[PDB]
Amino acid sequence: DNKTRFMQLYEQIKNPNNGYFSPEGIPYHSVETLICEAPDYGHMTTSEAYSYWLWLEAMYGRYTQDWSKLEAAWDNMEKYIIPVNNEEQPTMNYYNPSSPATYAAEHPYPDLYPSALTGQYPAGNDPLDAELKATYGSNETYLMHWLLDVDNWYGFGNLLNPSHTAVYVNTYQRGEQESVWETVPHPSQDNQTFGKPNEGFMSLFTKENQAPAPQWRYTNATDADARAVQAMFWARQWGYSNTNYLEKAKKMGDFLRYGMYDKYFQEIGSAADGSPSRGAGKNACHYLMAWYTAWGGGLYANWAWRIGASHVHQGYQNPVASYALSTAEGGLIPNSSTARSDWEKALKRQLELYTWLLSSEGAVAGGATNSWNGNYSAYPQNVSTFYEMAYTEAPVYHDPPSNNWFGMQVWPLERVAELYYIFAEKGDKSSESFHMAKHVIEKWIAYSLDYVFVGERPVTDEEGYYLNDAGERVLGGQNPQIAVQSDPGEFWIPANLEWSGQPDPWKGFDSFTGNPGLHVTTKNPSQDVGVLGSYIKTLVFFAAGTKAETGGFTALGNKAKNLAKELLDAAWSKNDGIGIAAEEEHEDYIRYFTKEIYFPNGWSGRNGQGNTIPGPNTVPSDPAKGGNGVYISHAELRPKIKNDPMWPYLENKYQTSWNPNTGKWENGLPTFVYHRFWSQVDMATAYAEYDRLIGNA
């Protein structure tokens, strides 16, 4: 019974004995501590985790009409991860929207940081600051910072909220090649008690004529605040009506418009020729969710700044949130003058983006940028464009390429499927937006069905390629034949994509005739339960949408709902009492041992435990990467990780299995079972939404 399964999994997630939450009531990234993949420690947490917590409590409210849990989750989010009687953005009022920030270039290796604050390109004007002040009386940013150190494992302490154990921390600072393995974690509120004397951590990342001042700064993740809005959209659809909290979700959707702006508010398209123009009015708005917005200031401090982001990843867009923020049906139109219009344009533009990126096979390709190379380089000749933004197959990050993970298929396509259903349910079956959502989800669903297996396991070679009955690699194509073997009670879902080509230039939906030069190979079957739970919701919302549109399930809708039912049954067999549990192998945990964390020469500082970094065990940086410094490895930067209960296993596996000459694990791979918060919520909400939308059909 899928309602009972939802409630059982809910109970497991909320059970204090299972370890998903800290003593402060904050959800961790994962129950387990030794994990490194986006946060670099399992008891960090993310705005992502909070947004999933809201989604979980909204579904609990639907069944029980007990909305006190959703409100407690919102309160806890606001207390610990939205930095709004403690002033956590203490100089935001000094922000100058006519000069929002000082330009610095991004660089292709972390080696090349700190980046000079040259001001080479004057920032354009910020058209939101005045409206937001008019609406709220303050420009204090109501968005989640993306990263907390929940247990104060890094030891920085919480500068601006003394009673909290959880600390605002950040990591990524140094461009497209700085993987999770390559950062230097640092406090968001840096008064220079840690880092380099009289400088803090700032001088790893930016250079000025003079030592940096103490400063605070935050960065959101736009997909997380949008998911929070998506959860509140659903809560209201399911009966929630407390205006005190709905107004907070509106305010978050209002400030989330900062993720619609070019990084330095340069006019969209203006640097196609390598020479940007400072934006004016709303002409630096691209009406998409770019990777972040960030804001910061001094800690006699009298200055503050904001940046949008120029790089857009399709997997961050949330059309349900955009619908929620632009329509009376959605109920969360923000109070600022132009917020409704902005989100209305954004919803349409997001659907155009997905159509533009729809590959020949059916997966959606990466995204687009207004700042080629992160320094407003001229666009390569013949690069495909979308509203004068240049196609990028790997938005923002190249290590690993950010659209190679299949999780960035199910996460956005789940929302496109939701919107398809939402449009059809109210009787919109003919708008251009409906037609784009419908086309994208139909094609994607049909794509995905070739690569997801239940009760059987696909045949693959050692590099992860699916094989056909002749033992040939399945390299995309429309009608792949994949050899299978029996695997009762198991499921297999891709983890990886390999891209080639580009979409045709976008000239509007009326001109769209496919992307026959854009191809993808799907590979690396996995048992990722989080990707699975997102996929099952995608199947269920798509199926429900075909019924709301046509009056019954289509042939493809039937396939989708039937596969969802079987996947939910197979996954339930893997519940271990803490969560849906599957082994996973980690090739990449060799990077717990690699000397690849860059520090500039001459830079020495104090970490949060008082330990000197980088310390003595350095090697020089790669000259080919243009730096002038050194590398250390993970546990040299983070010596506490050697005390983890799983560290001996991992270290012994490295010393007995890793072959440096071949670059391969030859006596077993590092193998883990993780209970990630977001993954367990994706699963739980899949049981619930199958119950709601398919029921006994």
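Numbering starts at 1 and runs along the sequence shown.
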- Task: If the chain runs straight from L299 to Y300, say none; otherwise bin the unmodelled deposited residues as 1 to 3, 4 to 9, or 10 or more.
- Result: 1 to 3
- Task: Could you bin the unmodelled part of the deposited chain lying between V84 and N85 as none, 1 to 3, 4 to 9, or 10 or more?
- Result: 4 to 9
- Using only the Cα atoms and their B-factors as the entry lists them, report which of 238-246 and 85-93 averages higher. 85-93
- Message: Comparing average C-alpha B factors as deposited, tell me which of 11-19 and 681-689 sits higher.
- Response: 11-19
- Scanning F255, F553, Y287, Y387 for peak Cα temperature factor in the entry gives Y387
- Task: Using the temperature factors in the entry, find which of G501, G124, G455, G407 has the highest value at its Cα atom.
- Result: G455
- Message: Ranking the modelled residues of this chain by C-alpha B-factor as given in the entry, is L54 in the lowest, middle or highest third?
- Response: lowest
- Message: Split into thirds by Cα B-factor across the chain's modelled residues, where does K595 land: lowest, middle or highest?
- Response: highest
- Message: Taking only the Cα B-factors deposited for this chain, tell me whether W647 sits in the lowest, middle or highest third.
- Response: middle
- By the record's CA B-factor, is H29 among the lowest, middle or highest third of residues in the chain? lowest
- Task: Please place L467 in the lowest, middle or highest third of its chain by C-alpha B factor as given in the entry.
- Result: middle
